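Colleague: Please find one structure pasted underneath; my questions will follow.
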Amino acid sequence: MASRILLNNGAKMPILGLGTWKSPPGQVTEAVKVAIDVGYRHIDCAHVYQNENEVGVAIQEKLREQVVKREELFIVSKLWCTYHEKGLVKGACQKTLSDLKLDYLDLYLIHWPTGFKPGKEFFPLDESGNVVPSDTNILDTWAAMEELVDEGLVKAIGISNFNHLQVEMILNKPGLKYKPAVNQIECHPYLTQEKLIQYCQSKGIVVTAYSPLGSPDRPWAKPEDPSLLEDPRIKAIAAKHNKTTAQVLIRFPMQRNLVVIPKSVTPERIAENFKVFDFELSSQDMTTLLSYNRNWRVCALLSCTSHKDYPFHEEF
Ligand SMILES: NC(=O)c1ccc[n+]([C@@H]2O[C@H](COP(=O)([O-])OP(=O)(O)OC[C@H]3O[C@@H](n4cnc5c(N)ncnc54)[C@H](OP(=O)(O)O)[C@@H]3O)[C@@H](O)[C@H]2O)c1
Ligand SMILES: O=C(O)CCc1ccc(-c2cccc([N+](=O)[O-])c2)s1
């Protein structure tokens, strides 16, 4: 297992990164510092997480301390829905750069295919709780992303939560200048994504798997939900390999040629989650884990299900 994967922009991306959604701002600086100390070279960020300043403090300290060189880091962020208007994209990117204390991002993603009305609120609502859409075509948002590459603000651009038809729409964009480098999507044994993954990979788009542990700290968890970390079938595979269940859940996407971004603010878990380059799952293990698919999603919002670009009506 090599540590990086080659992107279609010619750059190499570390296959293991640290997630930061829900990482408390008064814990995430230490989390990122520890992560870098124990080997992480890829951090997954977003403006909507409201903690980029604090992530940036950690990155900057480790750069200043000469623990790692900037060229060795791979920092990812995402354009939030309320900034899909072409005239807002640069400012959104620059705010993220300022907070992260960087002069470029390695990868900048359209966070969701759904554009929302611009304003202070991240989810602008009408009086019934439907999100208020923007009419900016995603192809136009893509053109604005391409400009960021041409201005030196980002080395690569990509997409997140795009379904197969939406990926195809970008790939078929009239006058397309840069293909997406990455599609970042939810992926784990309960949402295995075979069709979408094969399609993206076939087009040279690298897939990043989010919520690989099933996001046990997600705000809307319910007792009746399935639980990857507690599934005795997965625990059994872990026990056989003398690894933790989390380690199996992280190794799984790695062996599908995916990038994976487990989140933790717990130092011992941050280290545990990185110790996944010293064992292999068999083909039988892989097929067994794939068999647990049930199309179960951590991330899908009722408020967006009527948006014309809602991604999860389509089979994939
Ligand atoms: N593009 C998108 O729309 C999108 C959507 C969702 C997520 N993401 C990205 O993907 C990242 C990962 O997804 P996620 O945050 O939803 O959930 P996740 O990585 O699947 O799971 C995070 C949860 O697992 C716990 N955990 C971590 N390591 C563990 C271990 N070794 N043993 C037991 N528990 C462990 C964490 O607890 P502690 O932190 O307390 O240690 C936390 O409660 C996000 O942080 C974000 O960067 C992107
Ligand atoms: O922000 C993160 O990375 C994780 C937190 C989220 C969970 C669901 C989100 C969402 C945003 C826009 C649209 C839709 N939609 O169409 O279903 C969903 S964001």
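Backbone N, Cα and C define each Cβ position, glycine as well.
Below are the features I grabbed from Swiss-Prot:
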{"type": "MOD_RES", "residues": "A2", "note": "N-acetylalanine"}
{"type": "MOD_RES", "residues": "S3", "note": "phosphoserine"}
{"type": "BINDING", "residues": "10-19, 211-273", "note": "NADP(+) binding site"}
{"type": "ACT_SITE", "residues": "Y49", "note": "active site, proton donor"}
{"type": "SITE", "residues": "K78", "note": "site 'Lowers pKa of active site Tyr'"}
{"type": "MOD_RES", "residues": "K95", "note": "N6-acetyllysine"}
{"type": "BINDING", "residues": "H111", "note": "substrate binding site"}
{"type": "MOD_RES", "residues": "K222", "note": "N6-acetyllysine"}
{"type": "MOD_RES", "residues": "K263", "note": "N6-acetyllysine"}
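Help me understand the surroundings of these features in the structure.
Modeller: Long-range Cβ contacts of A2 (N-acetylalanine) within its own chain (separation 6+, distance under 8 Å): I15.
In sequence order, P14, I15, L16, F277 constitute the residues six or more apart from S3 (phosphoserine) in its chain with CB-CB distances below 8 Å. When secondary structure is read from DSSP and collapsed to three states, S3 (phosphoserine) falls in the coil class.
Of all the Cβ atoms in the protein chains shown, 26 others lie within 10 Å of the Cβ of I261 (NADP(+) binding site).
Secondary structure at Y49 (active site, proton donor), taken from DSSP and collapsed to helix, strand or coil, is helix.
Within 10 Å of the C-beta of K78 (site 'Lowers pKa of active site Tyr') there are 25 other C-beta atoms, taking all protein chains into account.
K95 (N6-acetyllysine) carries a helical DSSP state (H, G or I). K95 (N6-acetyllysine) counts 14 other C-beta atoms within 10 Å of its own C-beta, drawing on all protein chains shown.
Sequence-distant neighbours of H111 (substrate binding site) (same chain, six or more apart, CB under 8 Å from its CB) are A46, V48, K78, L79, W80, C81, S160, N161, listed in sequence order.
Following the DSSP three-state reduction, the secondary structure of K222 (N6-acetyllysine) is coil.
The C-beta environment of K263 (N6-acetyllysine), restricted to residues of the same chain at least 6 apart in sequence and closer than 8 Å, consists of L18, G19, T20, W21, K22, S23, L213, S215, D217.
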Colleague: When the Cα of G10 (NADP(+) binding site) is compared with the Cα of each of the recorded positions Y49, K95, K222, which one is closest?
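Modeller: Nearest in space to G10 (NADP(+) binding site), counting only the recorded positions, is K95.
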Colleague: Distance between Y49 (active site, proton donor) and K95 (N6-acetyllysine) at the Cα atoms, whole Å?
Modeller: 13
Colleague: For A221 (NADP(+) binding site), write down the residues of its own chain that are at least 6 apart in sequence and whose Cβ falls under 8 Å from its Cβ; none is a fine answer.
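Modeller: Long-range Cβ contacts: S215.
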Colleague: Using a 10 angstroms cut-off on Cβ to Cβ distances, just flag whichever of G10, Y49, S211, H241, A271 is the loneliest among these recorded positions.
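Modeller: Comparing Cβ neighbour counts within 10 Å for the recorded positions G10, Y49, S211, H241, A271 gives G10.
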